[PDB]
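One structure is given below, encoded as structure tokens.
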Amino acid sequence: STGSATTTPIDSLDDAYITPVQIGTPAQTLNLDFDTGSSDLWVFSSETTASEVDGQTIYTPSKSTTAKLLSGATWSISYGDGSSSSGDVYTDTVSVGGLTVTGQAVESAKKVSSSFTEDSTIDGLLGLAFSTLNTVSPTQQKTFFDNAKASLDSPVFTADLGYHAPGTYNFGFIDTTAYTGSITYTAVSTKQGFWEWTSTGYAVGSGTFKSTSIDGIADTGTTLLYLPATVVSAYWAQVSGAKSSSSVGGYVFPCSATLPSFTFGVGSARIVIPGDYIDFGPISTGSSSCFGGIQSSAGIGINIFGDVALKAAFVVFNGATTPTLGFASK
């Protein structure tokens, strides 16, 4: 089997991407944030504290003839950005772009933190990291990809995120028309539960490539590119007026600037992030100070190849016995 679904930016800045997901019988379609940095499929629901719902579409398990309460199971998650959610668990039928899993754990939120409430465009998350990170207790549950894997034509999924435009998540096949050149594959460590790999270096604009190992995670659920302070400083030094602002919480730059590209290495291959991808717009409405899309990972504890990086590539998440990651230009 295979599946194919369009993923759409939630706003004009590509702050996140939503992908429609069919849950239950009859289908209830929710727009989920596909997150390769976490491993829970959770949804706003009829069980969510009413005051914490503000425009999201909810899953109502009582209206699904295939929903079954997973007795005694609860979940609770906290994300790198400080947000959180928690609740109980059903199993139900879940379909993405034509690919169906029966008996998928659907984690129904009873509580969500303010940032989820405040974002009316995201109805929940669909985790695509390794199932070892799944928070369901007392019996850990598998991700949608883990449940689908054996049935897929090939045990892979691909992320093709657009810049200011829709893109595609594919399951079970590689669309050879969706990228240019070849796909370069690189080793993955699953020891922390992430799609963790080592970039071979970077360049700023038309500058020379610096060969240096950068360990980080391919994370579709993080907006920006988080890299070591040395790398980030080298990037922003090429932008007149750019500075790290403690009060704003990262590097800012004059909105009048033309940003240089940023290149990262995948083995001997190179992925070029155009400058415009690094502009996240005014820090506050009407400001001429703009927020940068490359920021320091110092204090996160890990480097994160988030959407800013991934959207410059066609990315293969290869879930073979020994997982690998593939990157192609597009």
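Following the order of the structure tokens, chains are lettered A, B, ..., residues in each are numbered from 1, and ligands are numbered from 1.
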I need the residues of segment 95-150 of chain A that end up classed as alpha helix (DSSP H) by DSSP on the backbone, written out as a list in words.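 For segment 95-150 of chain A, the alpha helix (DSSP H) set is residues 114, 115, 116, 117, 144, 145, 146, 147 and 148 of chain A.
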Now that the selection is made, can you save its residues with N, CA, C and O atoms as a compact mmCIF listing (two decimals), in the first residue's frame?
# COMPACT_ATOMS: atom_id res chain seq x y z
N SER A 114 -1.84 26.68 26.61
CA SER A 114 -2.39 27.88 25.98
C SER A 114 -1.99 28.03 24.52
O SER A 114 -2.79 28.48 23.70
N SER A 115 -0.77 27.65 24.17
CA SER A 115 -0.33 27.88 22.80
C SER A 115 -1.13 27.02 21.82
O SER A 115 -1.31 27.41 20.69
N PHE A 116 -1.59 25.85 22.26
CA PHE A 116 -2.40 25.00 21.38
C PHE A 116 -3.79 25.63 21.22
O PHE A 116 -4.31 25.74 20.11
N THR A 117 -4.38 26.06 22.33
CA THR A 117 -5.68 26.73 22.31
C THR A 117 -5.67 27.92 21.37
O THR A 117 -6.62 28.14 20.61
N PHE A 144 1.68 5.95 13.82
CA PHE A 144 0.97 5.63 12.59
C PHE A 144 1.91 4.96 11.59
O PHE A 144 1.55 3.98 10.96
N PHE A 145 3.13 5.49 11.44
CA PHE A 145 4.09 4.90 10.50
C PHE A 145 4.50 3.52 10.93
O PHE A 145 4.56 2.62 10.12
N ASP A 146 4.76 3.33 12.22
CA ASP A 146 5.13 2.01 12.72
C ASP A 146 4.03 0.99 12.45
O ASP A 146 4.30 -0.14 12.07
N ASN A 147 2.77 1.39 12.64
CA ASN A 147 1.66 0.48 12.40
C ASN A 147 1.49 0.17 10.92
O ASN A 147 1.11 -0.95 10.57
N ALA A 148 1.78 1.14 10.05
CA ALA A 148 1.58 0.97 8.61
C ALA A 148 2.71 0.26 7.91
O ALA A 148 2.52 -0.30 6.85
Please provide as an MDAnalysis selection string all residues within 8 Å of segment 301-308 of chain A, with the sequence filter that same-chain residues fewer than 4 positions apart are discarded (counting only C-alpha atoms). chainID A and resid 16 161 214:228 273 277:278 293:294 297 312
Create the file for the chosen residues now, containing N, CA, C and O atoms and written as a short mmCIF file (atom, residue, chain, number, x, y, z; two decimals), in the first residue's frame.
data_model
loop_
_atom_site.label_atom_id
_atom_site.label_comp_id
_atom_site.auth_asym_id
_atom_site.auth_seq_id
_atom_site.Cartn_x
_atom_site.Cartn_y
_atom_site.Cartn_z
N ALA A 16 4.07 26.44 10.64
CA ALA A 16 3.86 25.01 10.77
C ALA A 16 3.04 24.59 9.56
O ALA A 16 2.59 25.44 8.79
N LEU A 161 8.14 19.65 1.98
CA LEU A 161 7.48 20.83 2.48
C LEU A 161 7.71 21.99 1.53
O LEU A 161 8.80 22.16 1.01
N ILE A 214 27.99 18.22 12.45
CA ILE A 214 26.89 18.81 13.20
C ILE A 214 25.80 17.77 13.44
O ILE A 214 25.01 17.48 12.55
N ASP A 215 25.76 17.25 14.65
CA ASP A 215 24.75 16.27 15.04
C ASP A 215 23.42 16.96 15.30
O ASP A 215 23.36 17.91 16.07
N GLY A 216 22.33 16.51 14.67
CA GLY A 216 21.03 17.09 14.95
C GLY A 216 19.90 16.22 14.48
O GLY A 216 20.13 15.13 13.96
N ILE A 217 18.68 16.69 14.67
CA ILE A 217 17.50 15.88 14.34
C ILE A 217 16.72 16.49 13.18
O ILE A 217 16.62 17.71 13.05
N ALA A 218 16.18 15.64 12.32
CA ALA A 218 15.28 16.09 11.27
C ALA A 218 13.89 16.15 11.87
O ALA A 218 13.30 15.13 12.17
N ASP A 219 13.38 17.37 12.05
CA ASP A 219 12.18 17.60 12.86
C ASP A 219 11.15 18.48 12.16
O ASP A 219 11.23 19.72 12.19
N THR A 220 10.16 17.85 11.53
CA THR A 220 9.17 18.61 10.78
C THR A 220 8.26 19.43 11.69
O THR A 220 7.58 20.34 11.23
N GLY A 221 8.26 19.11 12.98
CA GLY A 221 7.41 19.83 13.92
C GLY A 221 8.06 21.03 14.56
O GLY A 221 7.44 21.69 15.38
N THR A 222 9.29 21.33 14.18
CA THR A 222 9.94 22.55 14.63
C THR A 222 10.05 23.51 13.45
O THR A 222 10.46 23.11 12.37
N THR A 223 9.69 24.77 13.65
CA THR A 223 9.65 25.74 12.56
C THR A 223 11.04 26.11 12.02
O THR A 223 11.25 26.16 10.81
N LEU A 224 11.97 26.40 12.93
CA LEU A 224 13.23 27.04 12.57
C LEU A 224 14.40 26.06 12.54
O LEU A 224 14.25 24.87 12.84
N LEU A 225 15.55 26.57 12.15
CA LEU A 225 16.78 25.80 12.08
C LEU A 225 17.63 26.22 13.27
O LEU A 225 18.01 27.39 13.35
N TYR A 226 17.88 25.29 14.20
CA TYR A 226 18.65 25.55 15.41
C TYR A 226 20.01 24.86 15.34
O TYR A 226 20.09 23.63 15.26
N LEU A 227 21.07 25.67 15.37
CA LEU A 227 22.44 25.19 15.15
C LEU A 227 23.38 25.78 16.19
O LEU A 227 22.99 26.68 16.92
N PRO A 228 24.61 25.25 16.27
CA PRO A 228 25.55 25.75 17.29
C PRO A 228 25.79 27.26 17.18
O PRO A 228 25.73 27.82 16.09
N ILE A 273 19.57 26.45 1.36
CA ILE A 273 18.39 27.16 1.88
C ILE A 273 18.45 28.60 1.37
O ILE A 273 19.33 29.35 1.79
N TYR A 277 13.98 32.10 2.83
CA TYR A 277 13.40 31.09 3.71
C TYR A 277 13.71 31.39 5.16
O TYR A 277 13.12 30.79 6.07
N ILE A 278 14.70 32.25 5.38
CA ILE A 278 15.21 32.54 6.72
C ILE A 278 14.53 33.80 7.34
O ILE A 278 14.80 34.15 8.48
N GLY A 293 15.32 33.07 10.95
CA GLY A 293 14.94 31.67 10.84
C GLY A 293 16.03 30.67 11.18
O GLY A 293 15.79 29.46 11.20
N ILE A 294 17.24 31.19 11.41
CA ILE A 294 18.35 30.41 11.94
C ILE A 294 18.68 30.95 13.33
O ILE A 294 18.94 32.14 13.48
N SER A 297 21.12 26.83 18.98
CA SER A 297 20.67 25.71 19.77
C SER A 297 21.26 25.67 21.17
O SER A 297 20.97 24.75 21.92
N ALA A 312 13.80 23.08 2.12
CA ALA A 312 14.74 23.24 1.02
C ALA A 312 15.10 21.92 0.34
O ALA A 312 15.83 21.91 -0.64
#
Given only C-alpha atoms, how would the per-residue table for segment 219-289 of chain A near segment 315-329 of chain A read, listing every residue at most 12 Å away with its closest atom pair and distance in Å to one decimal, sorted by chain and number, as a tab-separated table?
residue	atom	partner	partner_atom	distance
A:219	CA	A:315	CA	10.9
A:220	CA	A:315	CA	10.2
A:263	CA	A:329	CA	11.3
A:264	CA	A:327	CA	10.8
A:265	CA	A:327	CA	9.8
A:266	CA	A:327	CA	7.1
A:267	CA	A:327	CA	9.7
A:268	CA	A:327	CA	11.3
A:269	CA	A:328	CA	8.4
A:270	CA	A:329	CA	8.1
A:271	CA	A:329	CA	6.1
A:272	CA	A:329	CA	7.8
A:273	CA	A:329	CA	9.9
A:274	CA	A:329	CA	11.9
Quick one: everything within 8 Å of segment 167-179 of chain A, counting only C-alpha atoms, minus sequence neighbours fewer than 5 positions away in the same chain. Send it as JSON, numbers by chain. {"A": [1, 2, 3, 4, 5, 6, 7, 8, 99, 149, 152, 153, 154, 155, 156, 157, 158, 159, 160, 161, 162, 313, 314, 316, 328, 329, 330]}
Requested write-out: N, CA and C atoms of the selected residues, as a short mmCIF file (atom, residue, chain, number, x, y, z; two decimals), in the first residue's frame:
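Saved to part_3.cif:
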data_model
loop_
_atom_site.label_atom_id
_atom_site.label_comp_id
_atom_site.auth_asym_id
_atom_site.auth_seq_id
_atom_site.Cartn_x
_atom_site.Cartn_y
_atom_site.Cartn_z
N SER A 1 0.84 -1.22 0.00
CA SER A 1 0.00 0.00 0.00
C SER A 1 0.86 1.25 0.00
N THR A 2 0.22 2.37 -0.32
CA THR A 2 0.86 3.68 -0.21
C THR A 2 -0.19 4.69 0.25
N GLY A 3 0.27 5.86 0.68
CA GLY A 3 -0.58 7.01 0.89
C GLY A 3 0.11 8.28 0.42
N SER A 4 -0.68 9.30 0.12
CA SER A 4 -0.17 10.58 -0.33
C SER A 4 -1.13 11.68 0.08
N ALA A 5 -0.64 12.66 0.83
CA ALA A 5 -1.47 13.74 1.33
C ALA A 5 -0.74 15.06 1.15
N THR A 6 -1.50 16.10 0.85
CA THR A 6 -0.97 17.44 0.78
C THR A 6 -0.86 18.06 2.17
N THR A 7 0.25 18.74 2.39
CA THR A 7 0.50 19.46 3.63
C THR A 7 0.57 20.96 3.32
N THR A 8 -0.06 21.77 4.17
CA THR A 8 -0.31 23.17 3.84
C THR A 8 0.19 24.07 4.98
N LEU A 99 -4.05 5.82 2.81
CA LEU A 99 -3.42 4.74 3.57
C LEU A 99 -4.11 4.60 4.91
N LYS A 149 3.89 0.30 8.52
CA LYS A 149 5.15 -0.05 7.85
C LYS A 149 5.15 -1.37 7.08
N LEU A 152 3.29 -1.25 3.78
CA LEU A 152 3.71 -0.32 2.75
C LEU A 152 4.55 -1.01 1.68
N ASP A 153 4.46 -0.52 0.44
CA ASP A 153 5.28 -1.07 -0.64
C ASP A 153 6.77 -1.03 -0.28
N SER A 154 7.18 0.04 0.39
CA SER A 154 8.54 0.23 0.87
C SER A 154 8.42 0.89 2.24
N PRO A 155 9.27 0.52 3.21
CA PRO A 155 9.07 1.03 4.58
C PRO A 155 9.62 2.44 4.80
N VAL A 156 9.03 3.42 4.11
CA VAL A 156 9.56 4.78 4.06
C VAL A 156 8.39 5.73 4.10
N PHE A 157 8.68 6.96 4.52
CA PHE A 157 7.81 8.10 4.22
C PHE A 157 8.70 9.25 3.81
N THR A 158 8.13 10.19 3.07
CA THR A 158 8.89 11.34 2.57
C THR A 158 8.18 12.64 2.91
N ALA A 159 8.98 13.65 3.19
CA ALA A 159 8.49 15.00 3.50
C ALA A 159 8.98 15.93 2.41
N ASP A 160 8.04 16.61 1.78
CA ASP A 160 8.34 17.59 0.73
C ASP A 160 7.58 18.86 1.07
N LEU A 161 8.14 19.65 1.98
CA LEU A 161 7.48 20.83 2.48
C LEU A 161 7.71 21.99 1.53
N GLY A 162 6.67 22.78 1.30
CA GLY A 162 6.79 23.93 0.44
C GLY A 162 7.20 25.21 1.14
N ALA A 313 14.55 20.81 0.85
CA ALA A 313 14.92 19.48 0.38
C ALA A 313 13.71 18.57 0.21
N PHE A 314 13.93 17.50 -0.53
CA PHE A 314 13.07 16.34 -0.50
C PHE A 314 13.72 15.36 0.47
N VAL A 316 13.75 11.82 2.71
CA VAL A 316 13.31 10.44 2.89
C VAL A 316 13.60 9.98 4.31
N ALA A 328 17.53 15.15 -0.96
CA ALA A 328 17.77 15.60 -2.33
C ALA A 328 17.38 17.06 -2.45
N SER A 329 18.06 17.77 -3.34
CA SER A 329 17.61 19.08 -3.78
C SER A 329 16.33 18.93 -4.60
N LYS A 330 15.60 20.03 -4.78
CA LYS A 330 14.34 19.98 -5.51
C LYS A 330 14.02 21.30 -6.17
#
Just the strand (DSSP E or B) stuff from segment 89-316 of chain A, please, per backbone DSSP, written as a PyMOL selection string. chain A and resi 89-96+99-112+124-127+137+156-160+167-171+184-187+189+196-204+210-218+225-227+243-245+250-254+262-266+269-273+279-282+289-292+294-296+303-305+314-316
What is the atom CA of residue 140 of chain A-atom CA of residue 121 of chain A distance in Å, reported with one decimal? 28.0 Å
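Among the candidates A:124, A:138, A:82, A:24, the one nearest to residue 104 of chain A when counting only C-alpha atoms is A:24.
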Give me, please, the distance in Å between atom CA of residue 184 of chain A and atom CA of residue 211 of chain A, quoted to one decimal. 17.0 Å
What's around residue 112 of chain A at 8 Å? Count only C-alpha atoms, leave out sequence neighbours fewer than 3 positions away in its own chain, and write the answer as a PyMOL selection string. chain A and resi 48+52+84-86+109+116-117
Filtering to N, CA and C atoms, could you give me those residues as a PDB file, in the first residue's frame?
ATOM      1  N   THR A  48     -11.967  17.547  25.492  1.00  0.00           N
ATOM      2  CA  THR A  48     -11.082  18.664  25.834  1.00  0.00           C
ATOM      3  C   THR A  48     -11.833  19.739  26.614  1.00  0.00           C
ATOM      4  N   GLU A  52     -10.564  25.561  26.663  1.00  0.00           N
ATOM      5  CA  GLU A  52      -9.256  25.376  26.028  1.00  0.00           C
ATOM      6  C   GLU A  52      -9.400  25.063  24.549  1.00  0.00           C
ATOM      7  N   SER A  84       2.310  21.790  26.048  1.00  0.00           N
ATOM      8  CA  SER A  84       1.965  20.479  26.589  1.00  0.00           C
ATOM      9  C   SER A  84       0.502  20.130  26.362  1.00  0.00           C
ATOM     10  N   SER A  85       0.191  18.850  26.536  1.00  0.00           N
ATOM     11  CA  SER A  85      -1.178  18.356  26.457  1.00  0.00           C
ATOM     12  C   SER A  85      -1.249  16.983  27.121  1.00  0.00           C
ATOM     13  N   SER A  86      -2.455  16.541  27.450  1.00  0.00           N
ATOM     14  CA  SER A  86      -2.631  15.262  28.122  1.00  0.00           C
ATOM     15  C   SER A  86      -4.060  14.769  28.004  1.00  0.00           C
ATOM     16  N   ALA A 109      -7.239  14.565  23.835  1.00  0.00           N
ATOM     17  CA  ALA A 109      -6.833  15.558  24.825  1.00  0.00           C
ATOM     18  C   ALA A 109      -7.959  15.929  25.773  1.00  0.00           C
ATOM     19  N   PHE A 116      -1.589  25.848  22.257  1.00  0.00           N
ATOM     20  CA  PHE A 116      -2.399  25.004  21.377  1.00  0.00           C
ATOM     21  C   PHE A 116      -3.792  25.626  21.219  1.00  0.00           C
ATOM     22  N   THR A 117      -4.377  26.060  22.333  1.00  0.00           N
ATOM     23  CA  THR A 117      -5.678  26.728  22.307  1.00  0.00           C
ATOM     24  C   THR A 117      -5.666  27.923  21.368  1.00  0.00           C
TER      25      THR A 117
END
Which residues are near residue 75 of chain A? Cut-off 12 Å, only C-alpha atoms, ignore same chain within fewer than 2 positions. Put them as a compact mmCIF listing (two decimals) with C-alpha atoms, in the first residue's frame.
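Writing done, so here's selection21.txt:
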# COMPACT_ATOMS: atom_id res chain seq x y z
CA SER A 39 5.68 10.02 18.62
CA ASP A 40 2.14 10.66 19.87
CA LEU A 41 -0.94 11.05 17.66
CA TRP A 42 -3.11 13.33 19.76
CA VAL A 43 -6.21 15.35 18.93
CA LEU A 70 -8.11 1.81 25.61
CA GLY A 72 -6.67 2.58 31.80
CA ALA A 73 -4.44 4.33 29.28
CA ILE A 77 3.51 15.25 26.70
CA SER A 78 5.68 18.36 26.88
CA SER A 84 1.97 20.48 26.59
CA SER A 85 -1.18 18.36 26.46
CA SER A 86 -2.63 15.26 28.12
CA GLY A 87 -5.60 12.94 28.19
CA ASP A 88 -6.93 9.43 27.55
CA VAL A 89 -6.66 7.03 24.62
CA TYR A 90 -8.88 5.35 22.07
CA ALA A 105 -3.90 4.75 19.18
CA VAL A 106 -5.68 8.11 19.01
CA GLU A 107 -4.78 10.14 22.07
CA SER A 108 -7.73 12.32 23.05
CA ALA A 109 -6.83 15.56 24.82
CA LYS A 110 -8.54 16.44 28.08
CA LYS A 111 -6.15 19.35 28.63
CA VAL A 112 -4.00 21.43 26.27
CA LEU A 133 9.18 8.16 22.66
CA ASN A 134 5.43 7.50 22.78
CA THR A 135 4.02 8.72 26.09
CA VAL A 136 1.06 6.38 26.55
CA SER A 137 1.02 4.71 29.95
CA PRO A 138 1.02 2.00 31.17
CA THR A 139 1.26 0.41 27.72
CA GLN A 140 3.31 2.36 25.16
CA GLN A 141 1.64 2.68 21.75
Mind giving me the straight-line distance from atom CA of residue 102 of chain A to atom CA of residue 23 of chain A in Å, one decimal?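 These atoms are spaced 10.0 Å apart.
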